[PDB]
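A.B. asks: Build the 3D model from these lines:
(chains A, B, C, D, E, F, G and H)
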Amino acid sequence: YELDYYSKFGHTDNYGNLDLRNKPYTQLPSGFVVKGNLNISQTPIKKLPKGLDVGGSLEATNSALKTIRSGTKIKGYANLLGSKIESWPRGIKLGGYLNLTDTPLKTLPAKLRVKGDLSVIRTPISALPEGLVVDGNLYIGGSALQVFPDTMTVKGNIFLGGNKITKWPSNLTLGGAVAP
Amino acid sequence: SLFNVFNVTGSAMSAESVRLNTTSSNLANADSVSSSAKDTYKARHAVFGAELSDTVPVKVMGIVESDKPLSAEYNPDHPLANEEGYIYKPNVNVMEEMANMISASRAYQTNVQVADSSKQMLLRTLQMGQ
Amino acid sequence: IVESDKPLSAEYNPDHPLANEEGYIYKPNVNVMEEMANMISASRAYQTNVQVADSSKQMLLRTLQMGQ
Amino acid sequence: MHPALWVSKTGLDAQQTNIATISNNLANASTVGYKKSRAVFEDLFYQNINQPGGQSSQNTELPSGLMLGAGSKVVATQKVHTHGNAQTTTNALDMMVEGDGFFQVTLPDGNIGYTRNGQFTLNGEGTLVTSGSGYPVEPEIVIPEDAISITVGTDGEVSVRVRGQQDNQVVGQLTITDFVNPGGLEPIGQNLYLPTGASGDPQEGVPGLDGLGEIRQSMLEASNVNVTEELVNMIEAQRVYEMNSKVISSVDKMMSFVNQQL
Amino acid sequence: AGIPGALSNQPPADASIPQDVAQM
Amino acid sequence: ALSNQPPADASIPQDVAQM
Amino acid sequence: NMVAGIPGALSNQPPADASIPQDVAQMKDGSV
Amino acid sequence: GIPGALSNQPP
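C.D. replies: Residues are numbered from 1 along each chain as shown, chains lettered A, B, ... in the order given. Next up is the structure itself:
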């Protein structure tokens, strides 16, 4: 079934964080607003509603989340560890890091900006989008990436983690170090 | 060897200490409506795990929070009350914490006996050759 | 090493996130009373063989003194 | 944990939910149109211990066929929809259903909510709404401002009295929804219920035909809670709670004797 | 790995991925 | 395990925003 | 450097509970 | 020297 207004109230804390862990909810109403953090870990939710607003961070670790629609506003970070997300939509306003470890993610939006750290660890992604900007640490360990785009920006450390990079960006300014 | 018993039993001594501290924080936060970190505390549990990697030490793999819904109480005049007027309190269950308190103490003390038992065997093994 | 054939100890706890459909968490089939007895039996039997091995060396040492 | 500790803890947890269920019933002892809930206990899974697997029958009375249960739990807070008494009041907008049937109100999120409480009133526009949050009552009944009296018939036929015109004008008609399984309704507070899969599709109709109840004006339905039943339930639940605590204390003392004597 | 919902002891920052927990 | 530098202390703030 | 402070109940408290004197809490970092 | 220590001599 689907979450109602009264069922929403029974999964909210004092400061306004929605906890849906292991709960049997399949879809959320459109134009959904959360006062604080949102947790949809281990949920059978396969799609996030259009116009979704989260006043905190989105937690979807080891969930069945697959599709996020554009226009979603997230003030905190996005944690989609172990979910079933295959692509990242364009135009997501993310106020924090993006953790996509152990996901079937294949494609990323062009010129994507991550205000925090980025993770593509053990993902089947083949190539990073052109003009990528990362303000934190980039972990690509165990992924299928082997060629970086012509231009990219990482303001922290770059962790190869084991994968072999052969074509480095022509224009790259690094605020940290590169680790294998 | 008999020294591996000390590593295995010693790991359980630390393991049961983690669960005791987690229970202590649960008992002390059973009536705390507010919390720094913008999160209404929820009951935490230490999930043990055998690290097979003969001798199988026990390791704490991380603390996990309770899945029970928070206890909602209608307190309309509280500053933390929502529009409907309900304030939410942690889902700490007193009875399970008391049961965890007993089990953690009983398991902690029986690991001391095994370490003591292995100690005597090593001392006798050293008396051979003298 | 062989695992025991005793059925796992089932506990009703629809709060642990690692539970199942019926709210059951299965726990190891370890019996404390049989572990205490094994601890007593293992320690005593281990130290008994220390005495036999230690006394065996004495017999070997006395053999070297034959004819002296 | 020794299994006896957790088996006793299930009884403590089960009785704890029973106390909370009883406490809510006594809290709503004056709520109009309230239905008492009771906690239902059932035994948990029974496990063969002295057998490697669940060998069917085969000497159940012998030590090989020993079976130990896992405790008890509260399986459902069953709603008892017994008809309550009648509260005769002088208000002209509070109404009562005699028998099976529910009032239908319009919830803000679009779906309709079903209530047994009859404390209704009017809003600024004259629509018949509830006296709590103010939800409109289905079907919409608008009262003209020229009306000097309101009459609600035995089948929801609402009439008004207009000065300068004999005979009462009909301004609408009420309906009451019936369900096959009243206990399957989901309570959402505010004396409201929602239809679930266990309840069934709503059955609407005129209040007084098709087996439905009849609308009584200037009446209310008192809560059907039996305060003596709750007090008797409290006595038993408290005693069972204390008994299972002794078993937990007994197991701990036995375990204390083991690693201390040995 | 192991448990899926382990916590993190580091203070919230919302910008750095917590490496205290086994994030795999 | 061991390390070549002292571990940091523990922070117990009444408001995490001010650390 | 020398590190010191009040042991026991007073130190095993959150800093908000100002049981520990301010200068003694300074010593708990480093001194020379 | 612990700043502000009590002494052990009549004030």
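A.B. asks: For chain G, what's its nearest residue on chain E.
C.D. replies: Residue of chain E nearest chain G, by C-beta to the nearest C-beta: residue E:11 (14.2 Å). (C-beta placed from N, C-alpha, C; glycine too.)
A.B. asks: Leaving out chain neighbours, which residue sits closest to that residue?
C.D. replies: Among residues not flanking residue E:11 along the chain, residue F:16 sits closest, at 5.7 Å (C-beta to C-beta, 6 or more residues apart in numbering or on different chains).
A.B. asks: now the helices for chain B?
C.D. replies: Secondary structure of chain B (DSSP state H): helices at B:2-27, B:94-127.
A.B. asks: Tell me who's in contact with the residue in chain A positioned nearest to chain C.
C.D. replies: Relative to chain C, the nearest point of chain A is residue A:22 (6.4 Å; C-beta to the nearest C-beta). Shown in contact with residue A:22 (C-beta atoms under 8 Å, 6 or more residues apart in numbering or on different chains): A:42, A:43, B:67, C:17.
A.B. asks: Would you mind measuring from it to residue A:128?
C.D. replies: 34 Å (C-beta to C-beta, to the nearest Å).
A.B. asks: Just put the contacts of residue A:22 in CSV and tack on neighbour count and distance to residue D:186.
C.D. replies: Below are those laid out as CSV (neighbours: other C-beta atoms under 10 Å in any protein chain shown; distance: C-beta to C-beta, whole Å):
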residue, neighbour count, distance to residue D:186
A:42, 21, 24
A:43, 21, 21
B:67, 21, 21
C:17, 18, 25
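A.B. asks: ok, now which ones touch residue D:66?
C.D. replies: Remark: with contacts taken as C-beta under 8 Å, 6+ apart, residue D:66 is in contact with D:48, D:49, D:50.
A.B. asks: ok, the last one to residue D:62 distance?
C.D. replies: Pointing back at residue D:50 there. Note on residue D:50: its distance to residue D:62, by C-beta to C-beta, is 9 Å.
A.B. asks: Please say which of the two ends up with more neighbours.
C.D. replies: Remark: of residue D:50 and residue D:62, residue D:50 carries more neighbours, 13 against 9, as counted by other C-beta atoms under 10 Å in any protein chain shown.
A.B. asks: Whichever residue of chain E sits closest to chain F: neighbour count?
C.D. replies: Closest contact between chain E and chain F, by C-beta to the nearest C-beta, is at residue E:11 (5.7 Å). As a burial measure, residue E:11 scores 12 neighbours (other C-beta under 10 Å).
A.B. asks: Over to residue A:35?
C.D. replies: Neighbours around residue A:35, by other C-beta under 10 Å: 17.
A.B. asks: How about the one 5 residues further on?
C.D. replies: For residue A:40, the tally of surrounding residues (other C-beta under 10 Å) stands at 24.
A.B. asks: ok, residue 108 - contacts?
C.D. replies: Just so you know, I chose chain A. Neighbours of residue A:108 in contact, by C-beta under 8 Å, 6+ apart: A:87, A:88, A:125, A:128, A:129, A:132.
A.B. asks: um, chain B though
C.D. replies: Residue B:108 neighbours (C-beta under 8 Å, 6+ apart): B:12, B:13, B:16, B:17, B:20.
A.B. asks: For residue A:169, give its distance to residue A:121.
C.D. replies: For residue A:169, the distance to residue A:121 - C-beta to C-beta - is 20 Å.
A.B. asks: out of these two, which sits in the busier spot?
C.D. replies: residue A:121 (23 against 19).
A.B. asks: quick revisit: over to the residue of chain E closest to chain G: give its phi and psi.
C.D. replies: phi -60, psi 150 (degrees, to the nearest 10).
A.B. asks: That one against residue F:15, yeah?
C.D. replies: No. Using C-beta atoms under 8 Å as the test, residue E:11 is too far from residue F:15 to be in contact (11.2 Å).
A.B. asks: related to what we said a few turns ago, quick check: PyMOL command selecting the buried ones in the contacts of residue A:108.
C.D. replies: Applying 16 or more other C-beta atoms under 10 Å in any protein chain shown to the contacts of residue A:108, the buried members can be selected in PyMOL as follows:
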select buried, chain A and resi 88+125+128+132
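A.B. asks: now, which of the contacts of residue A:108 lie close to chain H?
C.D. replies: Near chain H, judged by C-beta under 8 Å from any C-beta of the partner chain, there are no entries from those.
A.B. asks: Determine which two of the contacts of residue A:108 are furthest apart.
C.D. replies: Maximum pairwise distance in the contacts of residue A:108, criterion C-beta to C-beta, is 15.5 Å, between A:87 and A:132.
A.B. asks: Pull the residues that contact stretch A:68-75.
C.D. replies: Residues contacting stretch A:68-75 (C-beta under 8 Å, 6+ apart): A:47-58, A:85, A:88-96.
A.B. asks: Just the buried ones from those residues?
C.D. replies: The neighbour count (16+ other C-beta under 10 Å) marks A:48-49, A:52-58, A:85, A:88, A:92, A:94-96 as buried among those.
A.B. asks: what's the closest of the residues you listed to residue A:110?
C.D. replies: Among those, residue A:88 lies closest to residue A:110 (C-beta to C-beta), at 10.8 Å.
A.B. asks: wait, doesn't that closest one sit right on residue A:112?
C.D. replies: Yes. Residue A:88 is in contact with residue A:112 according to C-beta under 8 Å; the separation is 7.3 Å.
A.B. asks: How many residues are close by residue 5?
C.D. replies: Chain wasn't specified; assuming chain A. Summarising burial for residue A:5: neighbours were counted as other C-beta under 10 Å, giving 12.
A.B. asks: wrong one, chain E
C.D. replies: Residue E:5: 21 surrounding residues under other C-beta under 10 Å.
A.B. asks: Please determine how far it is located from residue A:98.
C.D. replies: Remark: distance between residue E:5 and residue A:98 (C-beta to C-beta) = 19 Å.
A.B. asks: show me where the chain has helices.
C.D. replies: Just going to use chain A. Going by DSSP H, chain A shows helices at A:5-9.
A.B. asks: ah, no, chain D please
C.D. replies: D:3-27, D:227-261.
A.B. asks: Name the surrounding residues that touch the shortest one.
C.D. replies: Taking C-beta under 8 Å, 6+ apart as the criterion, the residues outside helix D:3-27 that touch it are B:93, B:95-96, B:99, B:102-103, C:9, C:11-13, D:36-39, D:41, D:44, D:68-74, D:77, D:225, D:227, D:230, D:233-234, D:237-238, D:240-241, D:244-245, D:247-248, D:251-252.
A.B. asks: got the buried residues for that helix?
C.D. replies: For helix D:3-27, burial by neighbour count (16+ other C-beta under 10 Å) applies to D:3-16, D:18, D:21-22, D:25.
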